[PDB]
Amino acid sequence: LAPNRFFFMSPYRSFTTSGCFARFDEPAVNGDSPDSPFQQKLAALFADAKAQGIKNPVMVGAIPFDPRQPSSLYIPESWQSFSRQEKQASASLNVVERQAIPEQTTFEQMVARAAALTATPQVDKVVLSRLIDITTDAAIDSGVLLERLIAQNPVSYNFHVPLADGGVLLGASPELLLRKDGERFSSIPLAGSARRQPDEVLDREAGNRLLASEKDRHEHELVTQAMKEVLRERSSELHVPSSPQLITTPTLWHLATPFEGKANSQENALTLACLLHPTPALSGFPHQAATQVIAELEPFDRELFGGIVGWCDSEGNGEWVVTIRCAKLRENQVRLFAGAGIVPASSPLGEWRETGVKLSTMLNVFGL
Ligand SMILES: C=C(O[C@@H]1C=C(C(=O)O)C=C[C@H]1O)C(=O)O
Ligand SMILES: [Fe+3]
Ligand SMILES: [Fe+3]
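Those letters in the sequence shown? Residues 16 to 106, 114 to 390, by the authors' numbering.
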C-alpha cells in the first residue's frame, strides 16, 4: 500500500482511496452545529467536488483530540471497496533512539496527582497519556506494518491515514465513536481493561473479574452517563443498556455499552461525531476540567492521538473510531500513544502497566 493512501477496515465499510482532490484543514470545533464554519465549508467542498467530476465524493482523515486545532481530512480522487473477510485471510528495523515520554516514575506521579484531584468535586475522571518515541536508521514501509497490523488485529477497526507532513497515522482501534447508516447511528464506547491471560480459564476469569471490578465500572458509567445526556437532546430513539458487556482484543478485555439511536433530519456522521468527541474515555469528566488537568500534567501535545479517524460521505453516512492503539510514523521516526482513565481507585503503577499493555499492540506491529 502506497503511504499516500487512506485505508479503513471495518465490519461496516472497508475501502481504500487513491489520489487527492482537496485537503480540508478546517478545525472541527463546533462541528455539531450545521451553522458552523466547519459544516458549511464541508458542504461547499462536497459540492465543489461533485461539480468538478468526483463521483460519490467521500471525506476521510483524522481530527485531533482538540478540534480547535486543524483537521487532517481530505477528499480523494477515487475510493475502492474490499471485503473485510477476504482481507482477514490474505494477511529490518534498526533502532537508534528510544525514549518514554514520560518515564515510569513521572507517570506514576502524574496518575497520583490526578487520582487525588478526582477525589475532589471539581473533577471525577481524567485520561492521562504517555508516548514512546522511536527513531530508526531508515524510512519505514507503512504498507508492510499495515499487513502486520491487520494480521495481529484481524477484527478491530484498522486504519492507515496519509498526513499532510509525509507521515502516516496507523492503528488498530477497538472503540467505535459514531457510525451513521441512514437516520440511525450507533456508538460503542469502551472504558475499563484487563490483560487477557494465555489460558482460557485465566482468560474467562480475567473477563469476569472485570465485570465485577467496581473501579473499572465506575470508570465506565462516567462515560455512558455523559453520552446518554448529550445524545438525549439530539435523538428520537436511543437505546443504552443500563450495564456493559465485554469485548476483546488480542491484548485486553474491555467493557462496552452499545448505543443505538435515530438522528434528527439535519445530522450527519460528523455533526454527531463532533458532538460526542472526545468522550470521557479520552478526555475525562467534566470535559473542560479534565482537559485542564491533561494540560497541567502532560509534557507533550497529543495532536492526533486521542482524536477520531474515519470517513464521511456526501449523503451523511460515515464511521468514526477513536484514534488509539495507533502510531504516527514519518520517514525514520515513530511515536506511539496510550492513555488511561484515572479515578480515585486508580493505582499509579496499575495505570502505568495498563497504558503499557495498550502500547504492546503497536509494539507487536514493529516487532518490539
Ligand atoms: C485513550 C485510550 O484508551 C481508552 C482507555 C480505556 C480505559 O482503560 O478505561 C478504555 C477505552 C480506551 O478507548 C488509549 O489507549 O490511549
Ligand atoms: Fe482504564
Ligand atoms: Fe427502538
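Built from N, CA and C at the ideal position, the CB exists for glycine as well.
Check: To the nearest angstrom, how far is it from the Cα of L260 to the Cα of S215?
Finding: When the Cα atoms are used, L260 and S215 turn out to be separated by approximately 26 Å.
Note to self: Here's the rule I'm using: 16 or more other beta-carbon atoms within 10 Å means buried, otherwise exposed. How should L244 be labelled?
What the structure shows: Classification for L244: buried.
Note to self: According to DSSP, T158 sits in a beta bridge with which residue or residues?
What the structure shows: Residue pairing for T158: DSSP places it in a beta bridge opposite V117.
Item checked: DSSP state of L268 mapped onto helix, strand, coil -> For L268, the three-state secondary structure derived from DSSP is strand.
Note to self: Just checking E197 against ligand 1 - is the residue's beta carbon closer than 6 Å to any of the ligand's heavy atoms?
What the structure shows: In this structure, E197 has its beta carbon less than 6 Å from a heavy atom of ligand 1.
Checklist line | Where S209 falls: helix, strand or coil (DSSP) | finding: Note: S209 maps to strand in three-state DSSP.
Notebook entry, point to check: Can you give the Cα-Cα distance for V344 and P196, rounded to whole angstroms?
Noted result: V344 and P196 have their alpha carbons spaced roughly 8 Å apart.
Margin query: Quick check: the Cα distance between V190 and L153, rounded to an integer number of angstroms?
Written below: Going by C-alpha positions, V190 is about 16 Å away from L153.
Checklist line | Coil, strand or helix - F181 by DSSP | finding: In the three-state DSSP reduction, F181 falls in the strand class (E or B).
Check: Once you ignore the five residues that flank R120 on each side, which residues in its own chain have a CB closer than 6 Å to its CB?
Finding: Excluding its 5 nearest sequence neighbours in each direction, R120 has C-beta neighbours in its own chain below 6 Å: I156, listed in chain order.
Checklist line | C-alpha distance - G329 paired with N45, whole-angstrom precision | finding: Going by C-alpha positions, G329 is about 15 Å away from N45.
Check: Cα separation between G68 and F207?
Finding: Approximately 30 Å between the Cα atoms of the pair.
Item checked: Contiguous beta strand (DSSP E) assignments of at least 3 residues, all confined to the stretch 332 to 382 -> Complete beta strand (DSSP E) runs here, min 3: 340 to 344, 348 to 352, 355 to 364.
Check: For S369, is the beta carbon positioned less than 6 Å from some heavy atom of ligand 2?
Finding: Taking non-hydrogen atoms of ligand 2 into account, the C-beta of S369 is found less than 6 Å away from none of them.
Notebook entry, point to check: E259: beta carbon under 6 Å from a heavy atom of ligand 3?
Noted result: In this structure, ligand 3 has a non-hydrogen atom nearer than 6 Å to the beta-carbon of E259.
Item checked: Residue environment, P220, which counts as buried when at least 16 other CB atoms sit within 10 Å -> It is exposed - the Cβ of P220 has fewer than 16 other Cβ atoms within 10 Å.
Next item on the list: Count the other CB atoms, across all protein chains shown, that sit within 10 Å of the CB of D335; report buried if there are 16 or more and exposed otherwise.
Entry: Buried, by the Cβ-count rule.
Checklist line | Check: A362 C-beta below 6 Å from any heavy atom of ligand 2 | finding: It does: the Cβ of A362 is within 6 Å (strictly closer) of some heavy atom of ligand 2.
Checklist line | Buried or exposed (CB count within 10 angstroms, at least 16 for buried), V356 | finding: When all chains shown are included, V356 counts as buried.
Notebook entry, point to check: Regarding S215 and ligand 2, is the C-beta to nearest heavy atom distance less than 6 Å?
Noted result: Yes, ligand 2 has a heavy atom inside 6 Å of this Cβ.
Next item on the list: Check the C-beta distance from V365 over to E241 and give it rounded, since I have them as a contact under 8 Å.
Entry: At roughly 5 Å, the Cβ-Cβ gap stays under 8 Å, so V365 and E241 are in contact.
Notebook entry, point to check: Counting Cβ pairs closer than 8 Å, one from the stretch 114 to 129 and one from the stretch 301 to 312, do we hit at least three?
Noted result: Counting Cβ pairs under 8 Å, fewer than three are found: no touch.
Next item on the list: Use the C-beta contact count for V118: other C-beta atoms within 10 angstroms, 16 or more gives buried, fewer gives exposed.
Entry: Exposed, because fewer than 16 other Cβ atoms sit within 10 Å of the Cβ of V118.
Notebook entry, point to check: If we count the other Cβ atoms within 10 Å of its Cβ and call it buried at 16 or more, is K202 buried or exposed?
Noted result: It is buried - the Cβ of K202 has at least 16 other Cβ atoms within 10 Å.
Notebook entry, point to check: Per DSSP, which one or two residues make a beta bridge with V252?
Noted result: Answer is none; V252 lacks a bridge partner.
Check: Cβ atoms of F61 and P52: under 7 Å apart, would you say?
Finding: Against a cut-off of 7 Å, the Cβ pair of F61 and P52 comes out as no contact.
Next item on the list: Would you check whether ligand 1 has a heavy atom nearer than 6 Å to the C-beta of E222?
Entry: Flag unset: Cβ of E222 not near ligand 1.
Notebook entry, point to check: Closest by CA to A303, which one among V331, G363, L358?
Noted result: With distances taken between Cα atoms, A303 lies closest to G363.
Next item on the list: In the DSSP assignment, find the alpha helix (DSSP H) that holds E222 and state where it starts and stops.
Entry: Segment 222 to 234, the alpha helix (DSSP H) holding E222.
Item checked: Completely contained alpha helix (DSSP H) runs for the stretch 254 to 325, where each covers 4 or more residues -> Listed in chain order, the alpha helix (DSSP H) runs fully inside the stretch 254 to 325 are 291 to 298, 309 to 319, counting runs of at least 4 residues.
Check: Is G189 helix, strand or coil by DSSP?
Finding: In this structure, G189 counts as strand in the three-state DSSP scheme.
Note to self: The alpha helix (DSSP H) that contains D50, what's its start and end?
What the structure shows: That residue, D50, is in no alpha helix (DSSP H); it is neither H nor E in DSSP.
Check: Which same chain residues, not among the five before or five after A64, have their C-beta less than 7 Å away from its C-beta?
Finding: Within the same chain, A64 has close Cβ partners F36, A37, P72, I90.
Notebook entry, point to check: Whose C-alpha, out of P26, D163, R135, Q54, is nearest the C-alpha of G338?
Noted result: Looking at the Cα atoms, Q54 is the closest of the given residues.
Checklist line | Residue nearest to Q100 in terms of C-alpha spacing, selected from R28, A136, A134 | finding: Residue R28 is the option with its Cα nearest to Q100.
Check: Pairing CB atoms from the stretch 228 to 241 with CB atoms from the stretch 268 to 281, are three or more of them under 8 Å?
Finding: Counting Cβ pairs under 8 Å, three or more are found: they touch.
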